Structure formats: structure tokens, C-alpha cells
Amino acid sequence: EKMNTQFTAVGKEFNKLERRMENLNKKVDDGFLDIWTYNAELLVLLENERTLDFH
Amino acid sequence: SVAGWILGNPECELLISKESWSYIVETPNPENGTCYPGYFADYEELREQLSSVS
Amino acid sequence: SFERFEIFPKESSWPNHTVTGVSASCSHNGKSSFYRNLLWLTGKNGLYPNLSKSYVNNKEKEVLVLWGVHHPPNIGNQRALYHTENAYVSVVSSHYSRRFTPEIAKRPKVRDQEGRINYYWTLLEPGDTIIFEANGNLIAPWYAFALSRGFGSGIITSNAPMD
Amino acid sequence: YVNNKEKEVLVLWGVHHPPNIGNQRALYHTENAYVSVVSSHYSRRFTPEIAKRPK
Ligand SMILES: *[C@@H]1O[C@H](CO)[C@@H](O)[C@H](O)[C@H]1NC(C)=O
Ligand SMILES: *[C@@H]1O[C@H](CO)[C@@H](O)[C@H](O)[C@H]1NC(C)=O
Ligand SMILES: *[C@@H]1O[C@H](CO)[C@@H](O)[C@H](O)[C@H]1NC(C)=O
């Protein structure tokens, strides 16, 4: 339930003369992707032991 | 507005002795900006650079 | 909303310019045609009177207008369809203005055609005005687009079946 | 102008576009004017543009 959601946009398009935007857009998008993998995974691995120990 | 005051509008004369600051406070609908109409080139960059001075 | 509405009627707004301009690069069903929202303007009786039209956005919503400028590949063609050597167009608005000029030069063949049309677009506001002034090489608008942008969205590219 | 100070200086200027060729020749006595600003690493050549505009 804590996964608050909102309208999101896709990676936009750029012409060949504005490549700096494309890499900046990739860096921010990849940064969030890397964050959520480790954050989400380590949550269900740490909290799987919590429930197993609880039982 | 920043452009109106930087260009030296006849109004906005009460804020000449306010040289040093930390940031700039505007009005939600700044009216007395630039009198002669036109297109102020590189407006946004000017605001960022003038956002902080000593 | 995307109301595609006539803005410059071809039958009354250009009494002094020929409007049936066709291109072999945009053939449709085996015969030459042109765009269905723009209008290639040419001369008439060997004369090309400079044009000056205006529009006021009477509607209560934003309108989107397109237009283009044609660059002939050789000076002979330029003088043929416009009877001038140094043309100029201008498109003014309340807070928007530009002055395009044609550029003539030999270019590599693309789709069996050398000349180039540079398309441009803008937006208006309720009650705003847009004035077209030109003396040649103006591809005037023929259909505008009234739009109702709502909190943005995204564009998807795919090939999935429609359902 | 030479920036004698030991600090950055900000300078502003503008170009006036008359609405009709009659006014242009009245205040400047020429039909095709030109202005230019140059510095160590800055240079542009503005030209006036005359056209009818909304009030
Ligand atoms: C200043 O703004 C007021 C409206 O707030 C307007 O009536 C007045 O003409 C403006 N004058 C100048 C010099 O900007
Ligand atoms: C078009 O031509 C007519 C007569 O041939 C002239 O009266 C008019 O001013 C011209 N320009 C227009 C209709 O914009
Ligand atoms: C159109 O061109 C003629 C001469 O070719 C000139 O006398 C007239 O003032 C021009 N009109 C506009 C609106 O540019």
C-alpha cells in the first residue's frame, strides 16, 4: 500500500545535436532503476527472516 | 519582475539600496515588468545567475 | 479536443495568387498532390502581389498553426514562380516574431527532389493575434488545430494489434 | 569599455524595431541599419526587422 503512484512519462526523444540531454535522461532513469532494485530486494530478504523468526 | 527591475523601469525605484541579499522574492503576478514590449533573450539564465550576489 | 477547422479558406482568402500547387514528390494514387493542411502559393498573370493577412483567435482555447517556407534549388526556378530574387517572409504575434529568408543552393537529391520546405509551428492564446506578411516563398496555413492540452502524457511506439 | 575592476560586470543593451519604414527613416535617416557587439569570446551582429505587429 505504501507504493504511492502518479502519472509518469517515458524517456523522451532528442535529435542528434542534443545528445547531452539523452545521456542525462539515461543517468537519472538508470539511477532510479538501480536504487529500486537494491531497496526493494533487500527489504523482502530482511523481512522474510523477520516473519520466519516470528513463526 | 527581475527583467523589469534590472532594465530599470521607472517604477521599482524603492529597491535600489538593497544590494547584498541571499535570494529574491517576487509577486505571483508581477505586472510592472518591461514597458516597451519585446522578447527578452536568455531570460531564464539571467534569473539563475542573479539569484545570488554579494 | 483537436478540432481541425478552416482558417484561411482557399476560395476567398487568396483572390490574387494561384493556390493549386502540386509536387511530384507527394504523389497520391498515381497523380501529383500536396499536403492536406498547407498551401503552396504561386504567381498569377506573371505577378505575385505581396500578401498581408491576419487572424484573431476568437475561440476560448489555444490554437496551433503551421506554415512553411520553400527554398528553390536554382535561381531560375525562384524567379519563375515568384518574379523576385530576394524574397522574405515574416510571422508576427503578441509575444513571438521571426523573419525567415530563402536560401538557394544545390542540394543532394532526396526522394527525387532537391528543394526543401522548412516547417515551423507556434501557439496562440485566447484573443491573441497572428499576422502573416510575405512577398514570396510562403507556404501559408490552410488548416489549424485547436488543442486542449491536459496535464501532459506520453507517446508509445509499438506494433501490437489493436484491441 | 575595459573592465578595470577586479570583478565581473553585467551590461545590457537593446535594439529597436520600428513598425513602419517611415518611422525608421525619421529617427535614423537610413533604411538598412546594423548594430554589433564584440568581446574576447562573444560576438553577434543584430539587424532590425520591420513588420506590422499587433498592438
Ligand atoms: C503598472 O501596472 C499597473 C497595473 O498593476 C498598470 O495599470 C500600469 O499602467 C503599469 N505601469 C507601468 C509603468 O508599468
Ligand atoms: C487583389 O486584386 C484586386 C484587383 O485585382 C485588388 O483590388 C486587391 O487590392 C488585391 N489584393 C487583395 C485582394 O488582397
Ligand atoms: C508590395 O510591393 C510593392 C512593389 O513591388 C510595394 O509598392 C508595396 O508597398 C508592397 N506592399 C507590401 C505590403 O509590402
# chains A, B, ... in the order shown; residues from 1 in each chain; ligands from 1

call {"tool": "interface_residues", "arguments": {"of": "chain A", "to": "chain C", "cutoff": "12 Å", "atoms": "only C-alpha atoms", "output": "list in words"}}
result
residues 6, 7, 8, 9, 10, 11, 12 and 13 of chain A

call {"tool": "interface_residues", "arguments": {"of": "chain B", "to": "chain D", "cutoff": "12 Å", "atoms": "only C-alpha atoms", "output": "PyMOL selection string"}}
result
chain B and resi 3+6-8+36-42+46+49-50+53-54

call {"tool": "write_last_selection", "arguments": {"atoms": "N, CA, C and O atoms", "output": "compact mmCIF listing (two decimals), in the first residue's frame"}}
result
# COMPACT_ATOMS: atom_id res chain seq x y z
N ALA B 3 13.32 41.09 -14.77
CA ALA B 3 13.64 41.81 -16.00
C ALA B 3 13.21 43.27 -15.91
O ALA B 3 13.95 44.16 -16.32
N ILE B 6 15.75 44.99 -13.47
CA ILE B 6 17.12 45.06 -13.97
C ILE B 6 17.23 46.10 -15.08
O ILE B 6 18.15 46.92 -15.09
N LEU B 7 16.28 46.10 -16.01
CA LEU B 7 16.31 47.07 -17.09
C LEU B 7 16.07 48.49 -16.61
O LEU B 7 16.26 49.43 -17.38
N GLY B 8 15.65 48.66 -15.36
CA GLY B 8 15.46 49.99 -14.81
C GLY B 8 14.13 50.60 -15.21
O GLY B 8 14.10 51.66 -15.82
N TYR B 36 8.27 48.80 -22.72
CA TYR B 36 8.29 48.53 -24.16
C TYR B 36 8.22 47.02 -24.39
O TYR B 36 9.04 46.27 -23.86
N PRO B 37 7.26 46.54 -25.20
CA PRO B 37 7.13 45.09 -25.36
C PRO B 37 8.25 44.50 -26.19
O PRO B 37 8.87 45.19 -27.00
N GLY B 38 8.52 43.22 -26.00
CA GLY B 38 9.59 42.56 -26.72
C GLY B 38 9.84 41.18 -26.14
O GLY B 38 9.12 40.72 -25.25
N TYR B 39 10.88 40.54 -26.66
CA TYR B 39 11.26 39.19 -26.26
C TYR B 39 12.64 39.26 -25.61
O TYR B 39 13.64 39.50 -26.30
N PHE B 40 12.68 39.05 -24.30
CA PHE B 40 13.91 39.19 -23.51
C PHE B 40 14.74 37.92 -23.68
O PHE B 40 14.42 36.88 -23.10
N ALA B 41 15.81 38.01 -24.46
CA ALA B 41 16.62 36.84 -24.76
C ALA B 41 17.31 36.32 -23.50
O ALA B 41 17.77 37.09 -22.66
N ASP B 42 17.37 34.99 -23.38
CA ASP B 42 18.06 34.33 -22.28
C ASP B 42 17.56 34.82 -20.92
O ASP B 42 18.33 35.05 -19.99
N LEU B 46 19.46 34.55 -16.88
CA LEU B 46 19.75 35.75 -16.11
C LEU B 46 19.24 35.63 -14.69
O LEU B 46 19.91 36.05 -13.74
N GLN B 49 21.61 33.35 -12.60
CA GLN B 49 22.88 33.98 -12.27
C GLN B 49 22.70 35.09 -11.24
O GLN B 49 23.54 35.24 -10.34
N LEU B 50 21.63 35.87 -11.35
CA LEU B 50 21.36 36.94 -10.41
C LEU B 50 20.67 36.46 -9.14
O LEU B 50 20.37 37.28 -8.27
N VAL B 53 24.16 37.14 -5.29
CA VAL B 53 25.31 38.02 -5.44
C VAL B 53 25.70 38.53 -4.06
O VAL B 53 24.94 38.46 -3.10
N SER B 54 26.93 39.05 -3.98
CA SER B 54 27.43 39.71 -2.78
C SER B 54 27.55 41.21 -2.93
O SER B 54 27.32 41.94 -1.96

call {"tool": "closest_residue", "arguments": {"among": "C:138, C:95, C:109, C:158", "to": "chain B", "atoms": "only C-alpha atoms"}}
result
C:95

call {"tool": "residues_near_ligand", "arguments": {"ligand": "ligand 3", "cutoff": "8 Å", "atoms": "only C-alpha atoms and all ligand atoms", "output": "mmCIF file with C-alpha atoms, in the first residue's frame"}}
result
data_model
loop_
_atom_site.group_PDB
_atom_site.id
_atom_site.type_symbol
_atom_site.label_atom_id
_atom_site.label_comp_id
_atom_site.auth_asym_id
_atom_site.auth_seq_id
_atom_site.Cartn_x
_atom_site.Cartn_y
_atom_site.Cartn_z
ATOM 1 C CA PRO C 49 1.342 40.669 -55.102
ATOM 2 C CA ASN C 50 2.830 40.690 -51.619
ATOM 3 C CA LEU C 51 0.297 39.321 -49.144
ATOM 4 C CA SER C 52 -0.667 40.532 -45.673
ATOM 5 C CA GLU C 133 3.453 39.169 -44.101
ATOM 6 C CA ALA C 134 5.476 37.868 -47.029
ATOM 7 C CA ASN C 135 6.479 38.632 -50.603
#

call {"tool": "interface_residues", "arguments": {"of": "chain C", "to": "chain B", "cutoff": "12 Å", "atoms": "only C-alpha atoms", "output": "list in words"}}
result
residues 92, 93, 94, 95, 96, 97 and 98 of chain C

call {"tool": "write_last_selection", "arguments": {"atoms": "C-alpha atoms", "output": "mmCIF file, in the first residue's frame"}}
result
data_model
loop_
_atom_site.group_PDB
_atom_site.id
_atom_site.type_symbol
_atom_site.label_atom_id
_atom_site.label_comp_id
_atom_site.auth_asym_id
_atom_site.auth_seq_id
_atom_site.Cartn_x
_atom_site.Cartn_y
_atom_site.Cartn_z
ATOM 1 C CA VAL C 92 4.489 38.214 -36.018
ATOM 2 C CA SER C 93 2.450 37.659 -32.861
ATOM 3 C CA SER C 94 1.835 39.282 -29.491
ATOM 4 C CA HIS C 95 4.990 37.779 -27.928
ATOM 5 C CA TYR C 96 6.576 35.961 -30.877
ATOM 6 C CA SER C 97 8.267 37.187 -34.047
ATOM 7 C CA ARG C 98 10.661 35.894 -36.685
#

call {"tool": "atom_distance", "arguments": {"atom1": "atom CA of residue 63 of chain C", "atom2": "atom CA of residue 118 of chain C"}}
result
20.5 Å

call {"tool": "residues_near_ligand", "arguments": {"ligand": "ligand 1", "cutoff": "10 Å", "atoms": "only C-alpha atoms and all ligand atoms", "output": "list in words"}}
result
residues 4, 9, 10, 11, 12, 29, 30, 31, 32, 33, 34, 35 and 36 of chain B

call {"tool": "atom_distance", "arguments": {"atom1": "atom CA of residue 39 of chain A", "atom2": "atom CA of residue 25 of chain A"}}
result
21.3 Å

call {"tool": "select_by_dssp", "arguments": {"residues": "chain B", "states": "alpha helix (DSSP H)", "output": "MDAnalysis selection string"}}
result
chainID B and resid 2:6 43:50

call {"tool": "closest_atom_pairs", "arguments": {"of": "chain D", "to": "chain C", "cutoff": "9 Å", "atoms": "only C-alpha atoms", "output": "tab-separated table"}}
result
residue	atom	partner	partner_atom	distance
D:49	CA	C:99	CA	7.2
D:51	CA	C:90	CA	7.3
D:52	CA	C:92	CA	7.6
D:53	CA	C:92	CA	5.9
D:54	CA	C:94	CA	6.0
D:55	CA	C:94	CA	7.7

call {"tool": "atom_distance", "arguments": {"atom1": "atom CA of residue 14 of chain A", "atom2": "atom CA of residue 67 of chain C"}}
result
22.4 Å

call {"tool": "residues_around", "arguments": {"residues": "residue 73 of chain C", "least_positions_apart": "2", "cutoff": "10 Å", "atoms": "only C-alpha atoms", "output": "list in words"}}
result
residues 70, 71, 75, 76, 77, 78, 103, 104, 105, 106, 107, 113, 114, 115 and 116 of chain C
